[PDB]
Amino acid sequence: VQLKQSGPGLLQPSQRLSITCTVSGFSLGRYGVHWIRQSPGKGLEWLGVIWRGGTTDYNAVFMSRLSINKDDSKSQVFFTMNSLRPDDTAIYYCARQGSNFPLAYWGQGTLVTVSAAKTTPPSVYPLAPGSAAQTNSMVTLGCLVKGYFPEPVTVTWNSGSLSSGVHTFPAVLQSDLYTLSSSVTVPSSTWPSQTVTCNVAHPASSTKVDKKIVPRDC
């Protein structure tokens, strides 16, 4: 009844994006497959379509460097995009229309990022407060993670268990390096004693380093 894509997602300038949409529960000879993308902070943007007979219609703004092919028997549609740039960064979808009725079936996604950075790992610098007033009986601690590529990362508190007021934040770019921060709000008197150990998990890098909390002696 549905559609499914490929990678690879992460590539550098002047290189071909090459997704493949594999289809089931309907024939390519009965329906078009459209290719759409969502750029971050933007609406959806339509790139092109291949209709049932093979006709193909590209958005003019990508027509210099876009191509859609298909094989009806194999239930495959092949998207390509011929010379990438840094603002070609988005989730690229394949999708399909009803008979009858508009776009209503979607591929799962392809996260793609355009940049020329080596896979460098983060550096976990933990945080605990700087003295002064300790009233209210609640104080928030931190765990700052700097300088990584690519994304994403899991920022857990005490091995994926403590997560009641855990607010991990969306990252931000720092010249081919991401930096994001994490917080946890826990009561005063037991941290101090039963302190929380912070850790991190990077998939394409593979480092899992832990850090415990100790303040300074003012």
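When you see a residue number, it is the position in the sequence shown, counting from 1.
K.L.:
Look up the CA B-factors in the entry and say which stretch, 12-20 or 204-212, has the higher mean.
P.N.:
Result of the comparison: 204-212.
K.L.:
Regarding 22-30 and 37-45, which shows the higher C-alpha temperature factor on average in the entry?
P.N.:
Mean CA B-factor is higher for 37-45.
K.L.:
Choose from 107, 121, 102, 86 the residue with the greatest Cα B-factor as stated in the PDB record.
P.N.:
Out of 107, 121, 102, 86, the record gives the largest C-alpha B-factor to 121.
K.L.:
So among 174, 156, 64, 69, who wins on Cα B-factor in the entry?
P.N.:
That would be 156, according to the entry.
K.L.:
Pull the Cα B-factor of residue 191 out of the PDB entry and bin it into the chain's lowest, middle or highest third.
P.N.:
Answer is highest: the recorded C-alpha B-factor places it there.
K.L.:
When the modelled residues of the chain are sorted by Cα temperature factor, does residue 185 land in the lowest, middle or highest third?
P.N.:
It belongs to the highest third of the chain when residues are ordered by C-alpha B-factor.
K.L.:
Ranking the modelled residues of this chain by C-alpha B-factor as given in the entry, is residue 178 in the lowest, middle or highest third?
P.N.:
Middle third of the chain for residue 178's C-alpha B-factor.
K.L.:
Would you mind ranking residue 134 by its C-alpha B-factor against the rest of the chain and naming the third, lowest, middle or highest?
P.N.:
Highest third.
K.L.:
Comparing residue 149 with the other modelled residues of its chain, is its CA B-factor in the lowest, middle or highest third?
P.N.:
Tercile = highest for this residue's CA B-factor.
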